[PDB]
Amino acid sequence: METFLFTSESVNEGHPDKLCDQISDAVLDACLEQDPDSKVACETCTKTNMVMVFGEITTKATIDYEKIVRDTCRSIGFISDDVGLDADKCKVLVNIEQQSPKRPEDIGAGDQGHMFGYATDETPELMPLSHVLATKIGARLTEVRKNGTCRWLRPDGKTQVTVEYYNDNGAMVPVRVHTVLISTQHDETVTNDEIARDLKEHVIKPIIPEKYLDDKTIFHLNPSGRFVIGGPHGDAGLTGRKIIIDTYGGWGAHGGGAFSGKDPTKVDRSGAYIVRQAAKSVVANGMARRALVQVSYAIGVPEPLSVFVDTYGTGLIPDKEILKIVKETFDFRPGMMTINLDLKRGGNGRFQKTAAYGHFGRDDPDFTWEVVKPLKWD
Amino acid sequence: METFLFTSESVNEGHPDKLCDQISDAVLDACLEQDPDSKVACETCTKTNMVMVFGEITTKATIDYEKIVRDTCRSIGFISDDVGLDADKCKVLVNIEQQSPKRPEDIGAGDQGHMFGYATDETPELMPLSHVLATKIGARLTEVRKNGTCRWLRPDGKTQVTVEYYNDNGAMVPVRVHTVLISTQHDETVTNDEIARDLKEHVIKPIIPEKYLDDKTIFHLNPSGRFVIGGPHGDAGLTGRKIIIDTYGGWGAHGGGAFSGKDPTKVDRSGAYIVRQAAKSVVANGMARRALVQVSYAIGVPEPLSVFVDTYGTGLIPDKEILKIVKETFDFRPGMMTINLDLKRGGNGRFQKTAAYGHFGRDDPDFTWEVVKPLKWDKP
Ligand SMILES: [Mg+2]
Ligand SMILES: [Mg+2]
Ligand SMILES: [Mg+2]
Ligand SMILES: [Mg+2]
Ligand SMILES: [Mg+2]
Ligand SMILES: [Mg+2]
Ligand SMILES: [Mg+2]
């Protein structure tokens, strides 16, 4: 049986770049709660003992940007210089430019660009397994830190999973997990042997189906040694520096645009969310085992400049026919996408939830782009 | 004939995110010029009337960080608040943490991660045409501004090209350019009709091969109207926010790591450069018409955790044998990659050149990863 190795990674919610994504989206959520039509382009940067928020917001809302920053940092676990950032003591520089302020079908794209959606039948959430496992291991690290299962953990860390795959006529069939890597922040209370045991038994084994683990699977557990201080300390983070972790883990494709800190009318976000929904609908409707969808835009133009569907030779009908069905079923105009995906509703940290552990493959009803649409094809 | 549409974009050197890439790499170049063993992780951000450099540098060099910032901005054309940033008025916040400081094959990776390289026979530089045309239009906008051909241009702008492709048994065959988009910054001296004429005659016609243009090609030229102020004014830029423009324009794959501001020991950069060299060599040796290569690392480990080669069904020998030849020929260990691609050599703004209009498909001798390696194989 011929196989190949495909690797995906993840970073934890305390990684300094991911921290920035979460602060950016916390600012967006706070704006939408008061003013659902807010225009938000909120960028965040961090380094030793400092967080800066900047960019442009048009809103009727009154926002305590500093409190949102400190609350986000505190809840992630950055409560002391020892952990790598003190939410209550660090410098917070608020450099946002805030100003005060419509047939949806005529709303032009706010920018050019292109966006890709991907789906695969290899997991029930129609996501690539290398990505799902790296991501779920990260989420589990956060979970066992916060629920007291592994209280020695600290917020920062990274995960990486190599999967051995078989190509079944274009469909990706995982065979086994080849290598698992975790590098996690921790306190001084735990030995290296305790870290290794707890990561294997509390984190890895609950997440990776046992059918994919065997006696040859390679485990690298804090390979480079102890990791006590993390987050922004002696480091730096920025919004929009984890875009492959945010999407498909190297699978599919990416058009370049980041998601966090962007109001949902922005095509980098809404456009990518709708093409996930499209690709996921193609595969869920049994029209293909795998699907890649591209859309692109011009600034000021409502209708996309181009759309592409490719099913990696797995479509039951030719890709030209799937593209027709996708164009008939999905509305790619920006004023329409935000309404169809209910993206301005602005409930319980709706976008902050997206800003760690992936924008796709999550079954939370706020992730409206994960809802499959029926497709007509006989 | 069955076709499909694929789109790539580019942004100009005055785009605020690209400005940050160029400043980051200008800092790296300054560090390597004095101290080739500098460790550099220089991040840059910008907003109205402000640039901030930050991150960590280990170096013996003495660097005037403020001067590098203002010189980089001024050279791009940020010379007035009317253009959208004045290099000789703006705030420059130097927030870098700078400190003072052996068998190469034993050097572990400085981080985890994965990286992809790609090549395609559809252009002479073995790059995707959609990406090449978007990028070269951008580079041509900068050239005609700076050489005085179109003096009405300003530094910011964006380009986007949709290409109509045929699939030839996995190989990508461009048929025609479907749609060309340019949104460019300009001064108050030029009418909309002069902008449209000049972009068509000075910028598009010189760059896009005539064989790909026809009477149905769609042109969008400043479709949203006038664009006089740009760069960071009422906007924001960050290093590492144009990583698809830096690489393959949606084609191939990306592992997530940005390039600019990183010294070339960092696998996000050297790893990506070596797999471009590997993918390019597989296509240039005639082993395949198209190639994708992944490598991945673990912190502290010299040998890659995984490698894969996929030729999209275009390989003339099985992909498993191309993988074996690639692994026999290329050394993916981080201490080796930097020496083999001569990446610490640090002369005339070697990395700042990479930081606008793409890291790949350029024939400058400093782009050592574009040099094809001979591969040993038997054509069946
Ligand atoms: Mg980073
Ligand atoms: Mg790091
Ligand atoms: Mg954008
Ligand atoms: Mg940007
Ligand atoms: Mg001075
Ligand atoms: Mg912009
Ligand atoms: Mg990195």
# chains A, B, ... in the order shown; residues from 1 in each chain; ligands from 1
$ select_by_dssp --residues "region 55-210 of chain B" --states "strand (DSSP E)" --output "PDB file with N, CA, C and O atoms, in the first residue's frame"
ATOM      1  N   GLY B  55      10.134  43.211  18.477  1.00  0.00           N
ATOM      2  CA  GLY B  55      10.710  41.871  18.294  1.00  0.00           C
ATOM      3  C   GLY B  55      12.071  41.769  18.929  1.00  0.00           C
ATOM      4  O   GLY B  55      12.426  42.608  19.738  1.00  0.00           O
ATOM      5  N   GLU B  56      12.792  40.718  18.625  1.00  0.00           N
ATOM      6  CA  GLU B  56      14.032  40.345  19.337  1.00  0.00           C
ATOM      7  C   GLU B  56      15.141  40.242  18.328  1.00  0.00           C
ATOM      8  O   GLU B  56      14.928  39.633  17.272  1.00  0.00           O
ATOM      9  N   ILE B  57      16.316  40.807  18.642  1.00  0.00           N
ATOM     10  CA  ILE B  57      17.521  40.686  17.781  1.00  0.00           C
ATOM     11  C   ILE B  57      18.686  40.310  18.703  1.00  0.00           C
ATOM     12  O   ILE B  57      18.824  40.982  19.744  1.00  0.00           O
ATOM     13  N   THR B  58      19.450  39.305  18.326  1.00  0.00           N
ATOM     14  CA  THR B  58      20.791  39.039  18.923  1.00  0.00           C
ATOM     15  C   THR B  58      21.820  39.411  17.867  1.00  0.00           C
ATOM     16  O   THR B  58      21.866  38.785  16.786  1.00  0.00           O
ATOM     17  N   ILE B  79       6.984  60.525   1.329  1.00  0.00           N
ATOM     18  CA  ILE B  79       7.747  61.798   1.459  1.00  0.00           C
ATOM     19  C   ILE B  79       6.819  62.950   1.843  1.00  0.00           C
ATOM     20  O   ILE B  79       7.313  64.140   1.880  1.00  0.00           O
ATOM     21  N   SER B  80       5.556  62.711   2.144  1.00  0.00           N
ATOM     22  CA  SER B  80       4.596  63.800   2.447  1.00  0.00           C
ATOM     23  C   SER B  80       3.339  63.243   3.081  1.00  0.00           C
ATOM     24  O   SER B  80       2.944  62.115   2.788  1.00  0.00           O
ATOM     25  N   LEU B  85       2.132  59.185   4.266  1.00  0.00           N
ATOM     26  CA  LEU B  85       3.156  59.038   5.320  1.00  0.00           C
ATOM     27  C   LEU B  85       4.337  59.888   4.907  1.00  0.00           C
ATOM     28  O   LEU B  85       4.761  59.806   3.763  1.00  0.00           O
ATOM     29  N   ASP B  86       4.840  60.716   5.816  1.00  0.00           N
ATOM     30  CA  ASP B  86       6.059  61.495   5.597  1.00  0.00           C
ATOM     31  C   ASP B  86       7.181  60.900   6.449  1.00  0.00           C
ATOM     32  O   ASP B  86       7.152  60.971   7.705  1.00  0.00           O
ATOM     33  N   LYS B  91       6.155  59.545  13.544  1.00  0.00           N
ATOM     34  CA  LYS B  91       6.661  58.876  14.756  1.00  0.00           C
ATOM     35  C   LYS B  91       7.363  57.570  14.345  1.00  0.00           C
ATOM     36  O   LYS B  91       6.807  56.813  13.546  1.00  0.00           O
ATOM     37  N   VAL B  92       8.537  57.303  14.925  1.00  0.00           N
ATOM     38  CA  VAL B  92       9.244  56.007  14.779  1.00  0.00           C
ATOM     39  C   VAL B  92       9.521  55.481  16.167  1.00  0.00           C
ATOM     40  O   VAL B  92      10.308  56.130  16.913  1.00  0.00           O
ATOM     41  N   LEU B  93       8.840  54.410  16.553  1.00  0.00           N
ATOM     42  CA  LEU B  93       8.949  53.774  17.871  1.00  0.00           C
ATOM     43  C   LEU B  93       9.856  52.578  17.740  1.00  0.00           C
ATOM     44  O   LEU B  93       9.517  51.663  17.005  1.00  0.00           O
ATOM     45  N   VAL B  94      11.042  52.656  18.326  1.00  0.00           N
ATOM     46  CA  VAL B  94      12.018  51.533  18.271  1.00  0.00           C
ATOM     47  C   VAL B  94      11.865  50.730  19.546  1.00  0.00           C
ATOM     48  O   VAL B  94      12.349  51.166  20.618  1.00  0.00           O
ATOM     49  N   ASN B  95      11.146  49.610  19.456  1.00  0.00           N
ATOM     50  CA  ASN B  95      10.783  48.787  20.619  1.00  0.00           C
ATOM     51  C   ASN B  95      11.435  47.409  20.478  1.00  0.00           C
ATOM     52  O   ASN B  95      10.973  46.487  21.070  1.00  0.00           O
ATOM     53  N   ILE B  96      12.503  47.299  19.731  1.00  0.00           N
ATOM     54  CA  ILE B  96      13.272  46.030  19.627  1.00  0.00           C
ATOM     55  C   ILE B  96      13.967  45.728  20.938  1.00  0.00           C
ATOM     56  O   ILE B  96      14.539  46.651  21.550  1.00  0.00           O
ATOM     57  N   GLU B  97      13.983  44.471  21.311  1.00  0.00           N
ATOM     58  CA  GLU B  97      14.859  43.974  22.418  1.00  0.00           C
ATOM     59  C   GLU B  97      16.135  43.406  21.787  1.00  0.00           C
ATOM     60  O   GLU B  97      16.074  42.352  21.137  1.00  0.00           O
ATOM     61  N   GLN B  98      17.259  44.134  21.901  1.00  0.00           N
ATOM     62  CA  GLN B  98      18.535  43.789  21.218  1.00  0.00           C
ATOM     63  C   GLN B  98      19.468  43.274  22.286  1.00  0.00           C
ATOM     64  O   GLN B  98      19.642  44.018  23.275  1.00  0.00           O
ATOM     65  N   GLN B  99      20.048  42.084  22.083  1.00  0.00           N
ATOM     66  CA  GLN B  99      21.123  41.603  22.986  1.00  0.00           C
ATOM     67  C   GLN B  99      22.339  41.148  22.198  1.00  0.00           C
ATOM     68  O   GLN B  99      22.251  40.965  21.000  1.00  0.00           O
ATOM     69  N   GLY B 113       6.943  23.549  12.686  1.00  0.00           N
ATOM     70  CA  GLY B 113       6.263  24.138  11.554  1.00  0.00           C
ATOM     71  C   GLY B 113       6.368  23.338  10.283  1.00  0.00           C
ATOM     72  O   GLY B 113       7.172  22.410  10.233  1.00  0.00           O
ATOM     73  N   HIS B 114       5.662  23.760   9.252  1.00  0.00           N
ATOM     74  CA  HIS B 114       5.793  23.093   7.944  1.00  0.00           C
ATOM     75  C   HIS B 114       5.799  24.153   6.840  1.00  0.00           C
ATOM     76  O   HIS B 114       5.329  25.279   7.030  1.00  0.00           O
ATOM     77  N   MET B 115       6.321  23.754   5.702  1.00  0.00           N
ATOM     78  CA  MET B 115       6.603  24.676   4.612  1.00  0.00           C
ATOM     79  C   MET B 115       6.375  23.939   3.303  1.00  0.00           C
ATOM     80  O   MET B 115       6.712  22.747   3.218  1.00  0.00           O
ATOM     81  N   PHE B 116       5.901  24.636   2.305  1.00  0.00           N
ATOM     82  CA  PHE B 116       5.651  24.064   0.966  1.00  0.00           C
ATOM     83  C   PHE B 116       6.391  24.860  -0.107  1.00  0.00           C
ATOM     84  O   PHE B 116       6.529  26.091  -0.114  1.00  0.00           O
ATOM     85  N   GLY B 117       6.860  24.073  -1.092  1.00  0.00           N
ATOM     86  CA  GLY B 117       7.425  24.593  -2.339  1.00  0.00           C
ATOM     87  C   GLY B 117       6.648  24.117  -3.551  1.00  0.00           C
ATOM     88  O   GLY B 117       6.017  23.028  -3.516  1.00  0.00           O
ATOM     89  N   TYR B 118       6.607  24.950  -4.575  1.00  0.00           N
ATOM     90  CA  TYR B 118       5.784  24.614  -5.750  1.00  0.00           C
ATOM     91  C   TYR B 118       6.481  25.104  -7.011  1.00  0.00           C
ATOM     92  O   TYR B 118       7.177  26.103  -6.979  1.00  0.00           O
ATOM     93  N   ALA B 119       6.255  24.370  -8.090  1.00  0.00           N
ATOM     94  CA  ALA B 119       6.698  24.819  -9.413  1.00  0.00           C
ATOM     95  C   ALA B 119       5.766  24.269 -10.465  1.00  0.00           C
ATOM     96  O   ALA B 119       5.134  23.209 -10.219  1.00  0.00           O
ATOM     97  N   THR B 120       5.748  24.937 -11.602  1.00  0.00           N
ATOM     98  CA  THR B 120       4.842  24.585 -12.701  1.00  0.00           C
ATOM     99  C   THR B 120       5.527  25.004 -13.983  1.00  0.00           C
ATOM    100  O   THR B 120       6.063  26.111 -14.018  1.00  0.00           O
ATOM    101  N   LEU B 153       1.816  58.657 -10.582  1.00  0.00           N
ATOM    102  CA  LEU B 153       1.613  57.509  -9.663  1.00  0.00           C
ATOM    103  C   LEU B 153       2.080  57.845  -8.248  1.00  0.00           C
ATOM    104  O   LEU B 153       3.042  58.636  -8.057  1.00  0.00           O
ATOM    105  N   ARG B 154       1.447  57.204  -7.286  1.00  0.00           N
ATOM    106  CA  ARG B 154       1.915  57.221  -5.889  1.00  0.00           C
ATOM    107  C   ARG B 154       2.152  55.783  -5.460  1.00  0.00           C
ATOM    108  O   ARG B 154       1.835  54.841  -6.185  1.00  0.00           O
ATOM    109  N   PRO B 155       2.784  55.573  -4.294  1.00  0.00           N
ATOM    110  CA  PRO B 155       3.357  54.257  -4.027  1.00  0.00           C
ATOM    111  C   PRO B 155       2.392  53.079  -3.754  1.00  0.00           C
ATOM    112  O   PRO B 155       2.742  51.949  -4.041  1.00  0.00           O
ATOM    113  N   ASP B 156       1.216  53.358  -3.199  1.00  0.00           N
ATOM    114  CA  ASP B 156       0.218  52.311  -2.841  1.00  0.00           C
ATOM    115  C   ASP B 156      -0.551  51.824  -4.068  1.00  0.00           C
ATOM    116  O   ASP B 156      -0.656  52.516  -5.075  1.00  0.00           O
ATOM    117  N   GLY B 157      -1.054  50.616  -3.991  1.00  0.00           N
ATOM    118  CA  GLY B 157      -1.884  50.037  -5.059  1.00  0.00           C
ATOM    119  C   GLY B 157      -1.951  48.548  -4.976  1.00  0.00           C
ATOM    120  O   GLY B 157      -1.238  47.919  -4.183  1.00  0.00           O
ATOM    121  N   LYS B 158      -2.849  48.030  -5.765  1.00  0.00           N
ATOM    122  CA  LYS B 158      -3.091  46.594  -5.777  1.00  0.00           C
ATOM    123  C   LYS B 158      -3.393  46.171  -7.199  1.00  0.00           C
ATOM    124  O   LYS B 158      -3.898  46.977  -8.036  1.00  0.00           O
ATOM    125  N   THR B 159      -3.080  44.923  -7.518  1.00  0.00           N
ATOM    126  CA  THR B 159      -3.337  44.328  -8.849  1.00  0.00           C
ATOM    127  C   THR B 159      -3.922  42.927  -8.677  1.00  0.00           C
ATOM    128  O   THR B 159      -3.741  42.312  -7.625  1.00  0.00           O
ATOM    129  N   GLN B 160      -4.675  42.484  -9.680  1.00  0.00           N
ATOM    130  CA  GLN B 160      -5.297  41.137  -9.573  1.00  0.00           C
ATOM    131  C   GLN B 160      -5.562  40.604 -10.979  1.00  0.00           C
ATOM    132  O   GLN B 160      -6.050  41.355 -11.808  1.00  0.00           O
ATOM    133  N   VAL B 161      -5.222  39.371 -11.239  1.00  0.00           N
ATOM    134  CA  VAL B 161      -5.374  38.790 -12.601  1.00  0.00           C
ATOM    135  C   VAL B 161      -6.084  37.451 -12.445  1.00  0.00           C
ATOM    136  O   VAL B 161      -5.680  36.613 -11.658  1.00  0.00           O
ATOM    137  N   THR B 162      -7.135  37.282 -13.249  1.00  0.00           N
ATOM    138  CA  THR B 162      -7.875  36.031 -13.397  1.00  0.00           C
ATOM    139  C   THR B 162      -7.436  35.421 -14.703  1.00  0.00           C
ATOM    140  O   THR B 162      -7.589  36.046 -15.779  1.00  0.00           O
ATOM    141  N   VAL B 163      -6.948  34.195 -14.647  1.00  0.00           N
ATOM    142  CA  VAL B 163      -6.487  33.470 -15.860  1.00  0.00           C
ATOM    143  C   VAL B 163      -7.442  32.325 -16.112  1.00  0.00           C
ATOM    144  O   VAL B 163      -7.837  31.644 -15.181  1.00  0.00           O
ATOM    145  N   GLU B 164      -7.770  32.126 -17.383  1.00  0.00           N
ATOM    146  CA  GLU B 164      -8.545  30.951 -17.840  1.00  0.00           C
ATOM    147  C   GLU B 164      -7.549  29.845 -18.233  1.00  0.00           C
ATOM    148  O   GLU B 164      -6.653  30.079 -19.093  1.00  0.00           O
ATOM    149  N   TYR B 165      -7.670  28.715 -17.569  1.00  0.00           N
ATOM    150  CA  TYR B 165      -6.767  27.544 -17.666  1.00  0.00           C
ATOM    151  C   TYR B 165      -7.495  26.336 -18.258  1.00  0.00           C
ATOM    152  O   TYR B 165      -8.686  26.165 -18.046  1.00  0.00           O
ATOM    153  N   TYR B 166      -6.711  25.547 -18.965  1.00  0.00           N
ATOM    154  CA  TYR B 166      -6.994  24.165 -19.390  1.00  0.00           C
ATOM    155  C   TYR B 166      -6.161  23.225 -18.520  1.00  0.00           C
ATOM    156  O   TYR B 166      -4.966  23.476 -18.320  1.00  0.00           O
ATOM    157  N   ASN B 167      -6.751  22.117 -18.070  1.00  0.00           N
ATOM    158  CA  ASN B 167      -6.052  20.999 -17.408  1.00  0.00           C
ATOM    159  C   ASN B 167      -5.608  19.984 -18.487  1.00  0.00           C
ATOM    160  O   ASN B 167      -6.487  19.391 -19.153  1.00  0.00           O
ATOM    161  N   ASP B 168      -4.308  19.816 -18.652  1.00  0.00           N
ATOM    162  CA  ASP B 168      -3.694  18.848 -19.613  1.00  0.00           C
ATOM    163  C   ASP B 168      -3.119  17.716 -18.775  1.00  0.00           C
ATOM    164  O   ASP B 168      -1.919  17.741 -18.490  1.00  0.00           O
ATOM    165  N   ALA B 171      -1.303  19.005 -15.748  1.00  0.00           N
ATOM    166  CA  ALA B 171      -0.465  20.182 -16.069  1.00  0.00           C
ATOM    167  C   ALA B 171      -1.419  21.337 -16.327  1.00  0.00           C
ATOM    168  O   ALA B 171      -2.539  21.168 -16.798  1.00  0.00           O
ATOM    169  N   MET B 172      -1.023  22.529 -15.882  1.00  0.00           N
ATOM    170  CA  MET B 172      -1.842  23.736 -16.032  1.00  0.00           C
ATOM    171  C   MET B 172      -1.417  24.496 -17.294  1.00  0.00           C
ATOM    172  O   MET B 172      -0.235  24.911 -17.413  1.00  0.00           O
ATOM    173  N   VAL B 173      -2.365  24.692 -18.213  1.00  0.00           N
ATOM    174  CA  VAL B 173      -2.081  25.352 -19.506  1.00  0.00           C
ATOM    175  C   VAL B 173      -2.918  26.615 -19.579  1.00  0.00           C
ATOM    176  O   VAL B 173      -4.134  26.568 -19.789  1.00  0.00           O
ATOM    177  N   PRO B 174      -2.288  27.803 -19.407  1.00  0.00           N
ATOM    178  CA  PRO B 174      -3.003  29.044 -19.597  1.00  0.00           C
ATOM    179  C   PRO B 174      -3.588  29.167 -21.003  1.00  0.00           C
ATOM    180  O   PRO B 174      -2.862  28.951 -21.969  1.00  0.00           O
ATOM    181  N   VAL B 175      -4.848  29.538 -21.090  1.00  0.00           N
ATOM    182  CA  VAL B 175      -5.544  29.828 -22.373  1.00  0.00           C
ATOM    183  C   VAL B 175      -5.565  31.337 -22.618  1.00  0.00           C
ATOM    184  O   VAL B 175      -5.209  31.779 -23.757  1.00  0.00           O
ATOM    185  N   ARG B 176      -6.048  32.131 -21.659  1.00  0.00           N
ATOM    186  CA  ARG B 176      -6.203  33.569 -21.888  1.00  0.00           C
ATOM    187  C   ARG B 176      -6.297  34.260 -20.530  1.00  0.00           C
ATOM    188  O   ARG B 176      -6.641  33.615 -19.540  1.00  0.00           O
ATOM    189  N   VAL B 177      -5.995  35.538 -20.521  1.00  0.00           N
ATOM    190  CA  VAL B 177      -6.322  36.385 -19.347  1.00  0.00           C
ATOM    191  C   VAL B 177      -7.774  36.805 -19.412  1.00  0.00           C
ATOM    192  O   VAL B 177      -8.234  37.381 -20.458  1.00  0.00           O
ATOM    193  N   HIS B 178      -8.519  36.482 -18.386  1.00  0.00           N
ATOM    194  CA  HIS B 178      -9.971  36.711 -18.302  1.00  0.00           C
ATOM    195  C   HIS B 178     -10.260  38.131 -17.807  1.00  0.00           C
ATOM    196  O   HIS B 178     -11.127  38.857 -18.356  1.00  0.00           O
ATOM    197  N   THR B 179      -9.620  38.508 -16.700  1.00  0.00           N
ATOM    198  CA  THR B 179      -9.927  39.773 -16.012  1.00  0.00           C
ATOM    199  C   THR B 179      -8.606  40.353 -15.448  1.00  0.00           C
ATOM    200  O   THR B 179      -7.815  39.565 -14.890  1.00  0.00           O
ATOM    201  N   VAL B 180      -8.351  41.624 -15.702  1.00  0.00           N
ATOM    202  CA  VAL B 180      -7.227  42.399 -15.095  1.00  0.00           C
ATOM    203  C   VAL B 180      -7.824  43.519 -14.254  1.00  0.00           C
ATOM    204  O   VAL B 180      -8.670  44.254 -14.729  1.00  0.00           O
ATOM    205  N   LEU B 181      -7.423  43.595 -12.992  1.00  0.00           N
ATOM    206  CA  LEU B 181      -7.804  44.611 -12.024  1.00  0.00           C
ATOM    207  C   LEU B 181      -6.551  45.337 -11.570  1.00  0.00           C
ATOM    208  O   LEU B 181      -5.579  44.697 -11.159  1.00  0.00           O
ATOM    209  N   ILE B 182      -6.629  46.665 -11.610  1.00  0.00           N
ATOM    210  CA  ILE B 182      -5.611  47.550 -11.001  1.00  0.00           C
ATOM    211  C   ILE B 182      -6.356  48.601 -10.208  1.00  0.00           C
ATOM    212  O   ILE B 182      -7.216  49.305 -10.751  1.00  0.00           O
ATOM    213  N   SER B 183      -5.975  48.753  -8.950  1.00  0.00           N
ATOM    214  CA  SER B 183      -6.390  49.918  -8.145  1.00  0.00           C
ATOM    215  C   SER B 183      -5.101  50.610  -7.718  1.00  0.00           C
ATOM    216  O   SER B 183      -4.444  50.078  -6.822  1.00  0.00           O
ATOM    217  N   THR B 184      -4.790  51.768  -8.260  1.00  0.00           N
ATOM    218  CA  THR B 184      -3.484  52.408  -7.934  1.00  0.00           C
ATOM    219  C   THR B 184      -3.675  53.790  -7.339  1.00  0.00           C
ATOM    220  O   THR B 184      -4.570  54.553  -7.757  1.00  0.00           O
ATOM    221  N   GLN B 185      -2.839  54.111  -6.386  1.00  0.00           N
ATOM    222  CA  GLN B 185      -2.749  55.472  -5.836  1.00  0.00           C
ATOM    223  C   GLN B 185      -2.194  56.410  -6.930  1.00  0.00           C
ATOM    224  O   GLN B 185      -1.393  56.006  -7.773  1.00  0.00           O
ATOM    225  N   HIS B 186      -2.579  57.682  -6.857  1.00  0.00           N
ATOM    226  CA  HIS B 186      -2.173  58.697  -7.862  1.00  0.00           C
ATOM    227  C   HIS B 186      -2.318  60.072  -7.231  1.00  0.00           C
ATOM    228  O   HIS B 186      -2.910  60.230  -6.160  1.00  0.00           O
TER     229      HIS B 186
END
$ select_by_dssp --residues "region 118-353 of chain B" --states "alpha helix (DSSP H)" --output "ChimeraX atom specification"
/B:129-146,192-198,205-207,267-284,319-329,334-340
$ residues_near_ligand --ligand "ligand 4" --cutoff "6 Å" --atoms "only C-alpha atoms and all ligand atoms" --output "ChimeraX atom specification"
/B:17,237,241
$ closest_atom_pairs --of "chain B" --to "ligand 2" --cutoff "10 Å" --atoms "only C-alpha atoms and all ligand atoms" --output "Markdown table"
| residue | atom | partner | partner_atom_place_in_ligand_line | distance |
| --- | --- | --- | --- | --- |
| B:41 | CA | ligand 2 | 1 (Mg) | 9.5 |
| B:110 | CA | ligand 2 | 1 (Mg) | 9.1 |
| B:111 | CA | ligand 2 | 1 (Mg) | 7.2 |
| B:112 | CA | ligand 2 | 1 (Mg) | 9.1 |
$ interface_residues --of "chain B" --to "chain A" --cutoff "7 Å" --atoms "only C-alpha atoms" --output "ChimeraX atom specification"
/B:4-7,9,47,55-56,113-114,223-224,234-236,240-244,250,253-256,296,299-300,306-308
